[PDB]
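Chain naming here is simple, since letters A, B, ... match the order of the sequence lines and numbering starts at 1 in each.
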Amino acid sequence: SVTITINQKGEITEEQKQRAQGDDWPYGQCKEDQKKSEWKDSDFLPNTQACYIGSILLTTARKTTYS
Amino acid sequence: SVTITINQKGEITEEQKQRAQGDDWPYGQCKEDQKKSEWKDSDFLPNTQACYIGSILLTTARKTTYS
Amino acid sequence: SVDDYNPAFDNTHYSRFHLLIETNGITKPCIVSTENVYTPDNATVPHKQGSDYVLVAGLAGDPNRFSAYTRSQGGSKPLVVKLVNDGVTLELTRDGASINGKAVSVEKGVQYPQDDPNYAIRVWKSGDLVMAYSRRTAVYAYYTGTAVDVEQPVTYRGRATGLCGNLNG
Amino acid sequence: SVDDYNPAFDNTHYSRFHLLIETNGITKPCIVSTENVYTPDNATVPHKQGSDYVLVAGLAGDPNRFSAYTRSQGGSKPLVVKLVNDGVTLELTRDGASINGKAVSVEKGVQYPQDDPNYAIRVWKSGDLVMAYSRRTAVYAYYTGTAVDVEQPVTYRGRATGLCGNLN
Amino acid sequence: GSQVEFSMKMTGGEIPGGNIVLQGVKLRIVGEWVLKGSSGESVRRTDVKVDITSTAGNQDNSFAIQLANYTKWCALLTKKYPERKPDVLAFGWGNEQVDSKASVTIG
Amino acid sequence: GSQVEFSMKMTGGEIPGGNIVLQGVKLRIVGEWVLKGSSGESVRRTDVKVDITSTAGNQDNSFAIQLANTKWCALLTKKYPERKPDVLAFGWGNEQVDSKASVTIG
Ligand SMILES: CCC1=C(C)C(=O)N/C1=C\c1[nH]c(/C=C2N=C(/C=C3\NC(=O)C([C@@H](O)CC/C=C(\C)CC/C=C(/C)CCC=C(C)C)=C3C)C(CO)=C\2CCC(=O)O)c(CCC(=O)O)c1C
Ligand SMILES: CCC1=C(C)C(=O)N/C1=C\c1[nH]c(/C=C2N=C(/C=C3\NC(=O)C([C@@H](O)CC/C=C(\C)CC/C=C(\C)CCC=C(C)C)=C3C)C(CO)=C\2CCC(=O)O)c(CCC(=O)O)c1C
Ligand SMILES: CC1=C[C@H](O)CC(C)(C)[C@H]1/C=C/C(C)=C/C=C/C(C)=C/C=C/C=C(C)/C=C/C=C(C)/C=C/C1=C(C)C[C@H](O)CC1(C)C
Ligand SMILES: CC1=C[C@H](O)CC(C)(C)[C@H]1/C=C/C(C)=C/C=C/C(C)=C/C=C/C=C(C)/C=C/C=C(C)/C=C/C1=C(C)C[C@H](O)CC1(C)C
Ligand SMILES: CCCCCCCCCCCC(=O)OC[C@H](COP(=O)(O)OCC[N+](C)(C)C)OC(=O)CCCCCCCCCCC
Ligand SMILES: CCCCCCCCCCCC(=O)OC[C@H](COP(=O)(O)OCC[N+](C)(C)C)OC(=O)CCCCCCCCCCC
Ligand SMILES: CCCCCCCCCCCC(=O)OC[C@H](COP(=O)(O)OCC[N+](C)(C)C)OC(=O)CCCCCCCCCCC
Ligand SMILES: CCCCCCCCCCCC(=O)OC[C@H](COP(=O)(O)OCC[N+](C)(C)C)OC(=O)CCCCCCCCCCC
């Protein structure tokens, strides 16, 4: 009888992606971890603090659009 | 029983307090709002976005200590 | 930068409930000063508050269900506010509060109807702060004497009137 | 720029439940590689493993209730893991998985006991990811072939054994 | 101030398939929410029906709530994440996008 | 997969005093949580008791859960500072949050 409808798209920002491609904390340390002998041979990224934090930061859907 | 306890204290960081005493965004705008005629005669700080954001940022208990 | 709120951290002044409903656009705060209306759509509308009431919010065609009015009486803490929730009138001034033309002990907290869990209005005062809420309309407000915040639920979208304007859609 | 998890924002890879229980110290993840144990007490302890199974986690004087062991084999995906939950042994390798000895179709779902809602172990595989959880112990783990994450509940504080060490 | 009584039953359970470590669930809550005044009894009764689906790993999520007061009030909330891959640490799970909708109907 | 049948009754109400716009609450949940298997022939029944307090404006918060088939209990508390009229201004009490969590098994 009265309806409210909100569509919402969550995306990753450009800034987050730019940061993940650079060398600052924690993405630099992650890149260093990827050359260490315990990690380097695998298909998976290092199970390190640096790569994990980097993963969380990057996958946060900070860009919200309403329609 | 096997009985385990965690105490937690949440506090405001020094960095947050230093930022609130400075003039960068949003604290500068808030200080400017405090001298406007619509706000200055009140005991309450301006009901502006500047002062409200600054309030939320400063009152976030970022310092966590476990005991 | 309100949506840089992080609810993972405890906050000493704010609830998760308030800032989460606010940052997700469920509430639509409007601030009215003596000089300006700060709309929920992010516009500053200059309006010099006078001795006559101006409609700041209300349901289209139904101000008895919900309407909110602001005037100024001059002097220190000059703002007067009228909140109408389902035919029940709250008036706020710097000197306290009244419900349907009778003054009430707002510092001890007051509900009308006093017996009704679906209350039209609750109101409470500490120093110069007044808070008000209606379970019937879901309108919250608070008041300092210098300004009022009137917050409508987003469920009013397409029926909102008054100087606060549209609910963002 | 921002360095903390914000659960106000949807995350494409992580749950609120996981990151909230983790950041509030309810879980205590331990990462073991072929070369290092990364303790939940924030320490890197070197261990270059044999093919001797080495105690990484377990209850102090109830290893049948909960214990976790790690082996190194050789070649690519060299890490082998043994997880004991309420006397039910899960063995993980690059090739798949077994419960007590008997190999199981881990690329579908597998639960033991299969009918019991208070299950000793559940285990699932997709590509080289293996996940495992026990409702009895509340120990979660996951495995890549190169490393394993063993996550203990904070309720094990004061009863923790193995190379993963203190819960603090 | 007010008193509350809420009786409810939750039924439903885990959905077959997918990652059973994070197994999908479908749940129904049915109940009645009663508010009573202090001074005597004016009494407000609200029927509650809640339907939750959350697929394995919470990939696809649905929350539907129907209230009937004694008028009607409902909400459908949906949230869809991309299909995962083995490495959670590596970017590129599908389109890396969240699709959400909220619908409220007041009768 | 497992099926669930959770019956519960919530009682409680508002606490007198303080800011009734944000009136304090107390709640008591009692109920029984039943998990069944696919057959429903393995059955796990857990008695559930939950006690919640949140005082006016959520200043003082308490969550207590007791689970029984043996036994598992938790008390969680969170105490914020006392407010002042201006939410925007720093200096509400000691600007500190005090939390405690206790878990007893057996
Ligand atoms: C513009 C922002 C702003 C500025 C610039 C400023 O100066 N102040 C501002 C906002 C502000 N706002 C504030 C506070 C509060 N705002 C609200 C508002 C609401 N609370 C609500 O619950 C609602 C409802 O409309 C929400 C939607 C509900 C419905 C449509 C119906 C509910 C009923 C039924 C039957 C359906 C139920 C269904 C379910 C599934 C549950 C609003 C508008 C509140 C009150 O909570 C506060 C107080 C503080 C707090 O709560 O923490 C506060 C804190 C004040 C203080 O502490 O002094 C501030 C600072
Ligand atoms: C150091 C951290 C880390 C690094 C460096 C790294 O590389 N990875 C790391 C962690 C990590 N961890 C991950 C995932 C998950 N971790 C868990 C862990 C748990 N979940 C739990 O619920 C628990 C419990 O132990 C919690 C505590 C519970 C109790 C004490 C209650 C006991 C029960 C009672 C009383 C009631 C029983 C019922 C009755 C009726 C009586 C843990 C340890 C999980 C699983 O949830 C995941 C998967 C992801 C997710 O959940 O989203 C994931 C994601 C995996 C992926 O998706 O690929 C990652 C990346
Ligand atoms: C553990 C276990 C175990 C065993 O084995 C088994 C069993 C028992 C089964 C289990 C259990 C379980 C459970 C309990 C679960 C739960 C869940 C939930 C609660 C969900 C929600 C869920 C929920 C959901 C979806 C939600 C969502 C939401 C949304 C979308 C929102 C939206 C929106 C939008 C758009 C926009 C606007 O602006 C606003 C909003 C409003 C913000
Ligand atoms: C509105 C209304 C209206 C009318 O008028 C009336 C009525 C009806 C009454 C009302 C209603 C209400 C309600 C529903 C409520 C709810 C509540 C809740 C849920 C709570 C919680 C609550 C909750 C709580 C406390 C919680 C908390 C928690 C905590 C502390 C935690 C802790 C911790 C610590 C230390 C640390 C470690 O490491 C871990 C942890 C674990 C993390
Ligand atoms: C056990 C959890 C595992 C991991 C995470 C938990 C850690 C603790 C964090 C929670 C704290 C807590 O529950 O504390 C207690 C919380 C409130 O506190 P608050 O919101 O901080 O407001 C404090 C406000 N002051 C600073 C002004 C005093 O009381 C309540 O809920 C009571 C009723 C509200 C229901 C909560 C709904 C919130 C969002 C709803 C979606 C719109
Ligand atoms: C976090 C887990 C639980 C949720 C936490 C809620 C936070 C508590 C405070 C805010 C609550 C709120 O706003 O809505 C709670 C609602 C209505 O709100 P109200 O009475 O207008 O607001 C007054 C308080 N104010 C000023 C702080 C906003 O209560 C009611 O009786 C409404 C009747 C509907 C019955 C609900 C049945 C659904 C049960 C669902 C079971 C799965
Ligand atoms: C003891 C309980 C307390 C601990 C925390 C548990 C709460 C949620 C668990 C329910 C399980 C479930 O079925 O959730 C269903 C989902 C979980 O989605 P998600 O977490 O983003 O996971 C997605 C994981 N992916 C990315 C791997 C696919 O919810 C939702 O779609 C609704 C989320 C609403 C967001 C609104 C903001 C509030 C944030 C909270 C601030 C503290
Ligand atoms: C919000 C602050 C309050 C408390 C915060 C919670 C922190 C979480 C700690 C452990 C999480 C957990 O799982 O809790 C206990 C269990 C989960 O056990 P699991 O089957 O091992 O699933 C592990 C997760 N997997 C499957 C994804 C790997 O859940 C339950 O329903 C337990 C059922 C019995 C109790 C039900 C009564 C609850 C009443 C609620 C009234 C408010």
Side-chain angles (χ1 to χ4, degrees), chain E residues 1-70, chain F residues 1-69 83:
Chain E
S2 301
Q3 297 184 139
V4 67
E5 283 185 319
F6 180 43
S7 285
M8 50 152 289
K9 187 170 198 132
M10 186 161 69
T11 62
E14 293 179 307
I15 296 160
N19 173 11
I20 62 159
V21 178
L22 308 180
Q23 197 157 352
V25 300
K26 182 148 188 147
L27 297 163
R28 194 175 329 254
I29 292 146
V30 59
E32 194 198 45
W33 179 280
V34 188
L35 290 177
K36 297 197 180 194
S38 34
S39 49
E41 280 180 80
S42 55
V43 180
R44 190 176 104 166
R45 319 185 79 96
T46 303
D47 293 324
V48 180
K49 177 171 141 205
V50 180
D51 298 291
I52 301 158
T53 287
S54 187
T55 63
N58 315 120
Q59 180 264 324
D60 211 0
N61 311 274
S62 174
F63 182 99
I65 183 159
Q66 287 84 8
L67 307 169
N69 197 356
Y70 21 51
Chain F
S2 300
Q3 298 309 290
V4 71
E5 296 171 13
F6 174 49
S7 286
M8 53 149 294
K9 318 152 311 209
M10 186 165 77
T11 60
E14 290 176 308
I15 293 163
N19 177 9
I20 62 155
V21 177
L22 309 183
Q23 201 157 349
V25 299
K26 67 278 175 172
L27 297 177
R28 178 138 84 82
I29 295 97
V30 174
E32 67 172 359
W33 178 277
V34 183
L35 293 175
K36 287 188 200 267
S38 297
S39 67
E41 300 283 349
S42 59
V43 182
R44 257 277 253 54
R45 301 180 199 280
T46 308
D47 295 318
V48 169
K49 180 85 152 197
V50 179
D51 299 295
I52 298 169
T53 291
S54 186
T55 66
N58 313 118
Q59 188 203 301
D60 278 319
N61 312 88
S62 177
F63 180 103
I65 181 165
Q66 297 166 286
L67 303 173
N69 330 111
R83 70 152 314 130

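A salt bridge is absent between F:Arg45 and F:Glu32: the closest approach of a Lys/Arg side-chain nitrogen to an acidic carboxylate oxygen does not fall below 4.0 angstrom.
Looking only at atom types and distance, the side chain of F:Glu14 has a donor-acceptor partner in the side chain of E:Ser2 under 3.5 Å away.
If you measure heavy-atom distances from F:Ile29 to chain E, you find no contacts under 4.5 Å at all. The part of E:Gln23 that comes within reach of chain F is its side chain, from C-beta onward, which places non-hydrogen atoms under 4.5 angstrom from that chain.
Atom NZ of E:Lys26 has 12 or fewer heavy atoms from other residues, nucleotides or ligands within 6.0 Å.
For the set E:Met10, E:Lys9, E:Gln3, the entry with the most heavy-atom pairs within less than 4.5 Å of chain F is E:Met10. Among E:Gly12, E:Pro16, E:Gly31, the residue with the largest count of heavy-atom pairs under 4.5 Å with chain F is E:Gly12.
Between the side chain of F:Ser62 and the backbone N or O of F:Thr53, no donor-acceptor pair lies under 3.5 Å.
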